[PDB]
Amino acid sequence: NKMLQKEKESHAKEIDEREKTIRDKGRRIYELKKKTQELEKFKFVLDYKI
Amino acid sequence: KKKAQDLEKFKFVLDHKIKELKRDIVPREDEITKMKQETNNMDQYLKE
């Protein structure tokens, strides 16, 4: 018991932080999706104006 | 990010020809011109 108590620990904070990183990278994914979408329409708009 | 990069120039540049075509038109419509002065002066010649 004493040796196993010395042994056992961890990885819950790591699970949560990895979920946090998933969250942040999904945030950036959608931000860049919106930026790309904003820039896409202007291409056809400017071709049409030309 | 790369798609937005490949689309930022598409959002900006063609404004270049947007301005260019109008600027070219600028001197183009202009020639409502000396042909009319000729028609006026030859009309004066007709008068006399």
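Positions of Cβ are backbone-derived with ideal geometry, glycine not excepted, and every protein chain shown enters the neighbour counts. Read-outs: derived from the displayed coordinates by stated rules, not from any lab.
Only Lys, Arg, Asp and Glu count, each charged at its Cβ (+1, +1, -1, -1), so figure out the dipole size of chain A about its Cα centre, rounded to 20 debye. Provide the component values of the computation, followed by the final result.
Working: 16 positive and 11 negative charges, 18 e Å.
So the dipole magnitude of chain A works out to roughly 80 debye.
Relative to the Cα centre, what is the charge dipole magnitude of the protein assembly as shown, using +1 at the beta carbon of each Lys and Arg, -1 at the beta carbon of each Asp and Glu, and rounding to the nearest 20 debye? Can you show the working numbers first?
Values: 29 positive and 22 negative charges, 199 e Å.
Charge dipole, the protein assembly as shown, about its Cα centre: 960 debye, nearest 20.
How many percent of Cα pairs in chain A exceed 17 Å? Please list the in-between numbers first.
Numbers: 786 of 1225 pairs.
Pairs farther apart than 17 Å: 64 percent.
What is the magnitude of the charge dipole of chain B about its Cα centre, with +1 placed on the Cβ of each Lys and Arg, -1 on the Cβ of each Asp and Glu, and no other charges, expressed in debye to the nearest 20?
Working: 13 positive and 11 negative charges, 144 e Å.
Roughly 700 debye for chain B.
Toward the positive end of the charge dipole of chain B, about the Cα centre and with charges on Cβ (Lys, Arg +1; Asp, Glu -1), which of B:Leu46, B:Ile32, B:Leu14 goes farthest?
The residue sitting farthest along the positive end of the dipole is B:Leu14.
Pick from B:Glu38, B:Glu29, B:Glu20 the residue whose mean-square fluctuation is largest in a GNM of chain B, springs joining Cα atoms under 10 Å.
B:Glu38
Give me the distance between the Cα centres of chain A and region B:9-48, rounded to whole Å.
Between the Cα centre of chain A and that of region B:9-48, the gap is 56 Å.
Restricting things to Cα coordinates, could you compute the convex hull volume per residue of chain B in Å³? Let's see the in-between values first.
Numbers: hull volume 1.7 nm³, N = 48.
So the per-residue hull volume is 35 Å³.
Which pairs break 30 Å Cα to Cα here: A:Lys20/A:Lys41; A:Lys43/B:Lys22; A:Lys49/B:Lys36?
Details: A:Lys20/A:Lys41 32 Å; A:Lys43/B:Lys22 19 Å; A:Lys49/B:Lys36 34 Å.
Distance filter (> 30 Å) returns A:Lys20/A:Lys41; A:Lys49/B:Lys36.
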